[PDB]
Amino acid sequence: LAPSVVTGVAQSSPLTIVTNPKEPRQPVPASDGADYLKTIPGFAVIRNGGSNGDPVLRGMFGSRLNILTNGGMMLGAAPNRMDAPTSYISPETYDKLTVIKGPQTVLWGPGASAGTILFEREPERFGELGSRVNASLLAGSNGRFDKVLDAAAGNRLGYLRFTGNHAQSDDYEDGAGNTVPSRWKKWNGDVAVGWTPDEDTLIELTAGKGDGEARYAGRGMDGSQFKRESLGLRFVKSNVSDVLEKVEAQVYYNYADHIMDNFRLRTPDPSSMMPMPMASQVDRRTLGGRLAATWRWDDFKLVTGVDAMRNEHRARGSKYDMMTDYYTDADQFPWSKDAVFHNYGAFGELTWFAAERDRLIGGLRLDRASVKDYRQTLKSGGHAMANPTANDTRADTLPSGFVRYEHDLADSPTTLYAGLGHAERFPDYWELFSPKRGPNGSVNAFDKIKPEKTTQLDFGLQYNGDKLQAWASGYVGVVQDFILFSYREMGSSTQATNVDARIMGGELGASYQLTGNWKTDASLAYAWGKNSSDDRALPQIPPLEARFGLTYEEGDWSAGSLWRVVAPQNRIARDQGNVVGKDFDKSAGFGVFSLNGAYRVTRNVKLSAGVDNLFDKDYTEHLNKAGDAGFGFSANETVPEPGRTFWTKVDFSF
């Protein structure tokens, strides 16, 4: 044993990473999904404030990542993604985090060109009647405090389960001593009812609520509300037949209700295009379901099924009378619906266990996607505009698939693997509705922006020895009709556009067990992108970074140190980027050092602590948003990362 603090997660199967998100993590995560991804090589995060980052996998942002929770899809509503999908996930309340890199699965939905991320809670198992609880408290610099509870009781026939958290922090300071407008509050509460009549059968109803707020250094407005509401139903029957091994069915309902203003966590900037109190409410309603069957016989295992998904987006805004001074809050007006999306798909995955050391896996899916523009007018400022595609529909049929070959050697515990994958993605809400202009000669983005089609070779290896566990994965790929934002400056209007891209990169890591008490590990992540249409680099691409860890674990306690070293990024595309951010300047390299320890006091209680960024280094990341002028940020000066921070955490388990 010996407890420890997670500083990196290795890749354990080909293309696949699996971690328990309840373990303490050494750059301490701000209780959102993006922060639990940056201990996994290949992930980078766009900082908005102190929480709610936007994840970026192998340089690929946004909906190119398929982020699921218990199989279902949570989508946000902000026109510029202040509430990215991960800003509604609290990883600590889940039991398992899985990443599958590359377009190398078809089981979990459409258009996951960059990868799939699966936060899961696993069903309770009870034999005798009994109960279990595991909780945690964290406390740290800048008023950071986190409560987490996960209790359950039941017997052989069924169970009731509860998971909650509350978490907050004030503004953090950067290395220079400057207070950064960060600071955020988040709470979640979720219940699950489970019924297990016999041991083949399981039915489970889940429901949950969550809310939060966040100040955003890198935005003209702040998130004063992040309301979530969630229901799901799941059926899993095992051993139906001699070949039929599993049948799973699930329905999910996720509702997001975001508010966005410039007066509840800030005062309106008198010197900006926005001196008046302004609020804007937006919501997102996702309904979806999946039905899959797993056949198993001889040397094969086939998984077939279908899925479907609908989601709806509405908005409404406030009003300020300048003639007098009256403010009419946004909830006094009806919701204007503006978009509805539809997807249905059928998919299958075949696996061939070609004896001992040889595995071939192939999969396919066909998707019918479609969208309707419900905007009756457009916004053009307080005065409105005709929307030329009002009530227009458009649709498409998009096939996807992959083959992958896995080979074990006889000599060493080494697996090699190589895989080819193709993935087509329908444009999402932000790609179709958020740009102010479409491609050249279009009426708007909705009318013209084409799907995105990714073809990519993935390859790598695993070495799972005794003293040394190493891994590596590379990727080479082309992207046709990459959806690309370009920015002009009155001031900041975007144009969505399709271009052709080449992409390549990879991750590699190793963790060597020096003695019984000494462990070191290392990792490296590189992404690269070219815009072939305009012959230049792709924008918003994270630079090369390495992580160096060293751990001493005696008995019952451990101490760790971690170095993070990031190269500069000189490959940039000025005024290009996505719906959230844009490149402007080349970034500086930097180094950050941190310390941690853990101590198991009993089989039920364990302690851990750390200091992040010991030397109070004043630094920023290449992908961080530009800090807002109203907070005293000069042009294109991005949001600084936090300076030295201290945290301690206690973990209960009964």
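From 1 onward, residues are counted along the sequence shown.
The modelled chain is continuous from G441 to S442, with every intervening residue of the deposited sequence accounted for. In this entry, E489 is separated from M490 by 1 to 3 residues of the deposited sequence that have no coordinates. Annotation for 123 to 131 versus 84 to 92: the higher mean temperature factor (C-alpha) is found in 123 to 131. As listed in the deposited structure, the average C-alpha B-factor of 461 to 469 and of 300 to 308 is greater for 461 to 469. Taking the deposited Cα B-factors for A501, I449, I100, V243, the highest one is held by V243. Remark: of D222, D428, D321, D257, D321 shows the highest value [criterion: C-alpha B-factor in the PDB entry]. Per the PDB record, residue ranking by Cα B-factor puts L205 in the middle third of the chain. Annotation for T196: C-alpha temperature factor in the highest third relative to the rest of the modelled chain, per the entry. The deposited CA B-factor of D32 belongs to the middle third of values across its chain. When the CA B factors of the chain's modelled residues are split into thirds, the value for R264 lands in the highest one. Ranked against the other modelled residues of its chain, the C-alpha B-factor of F652 as given in the entry falls in the middle third.
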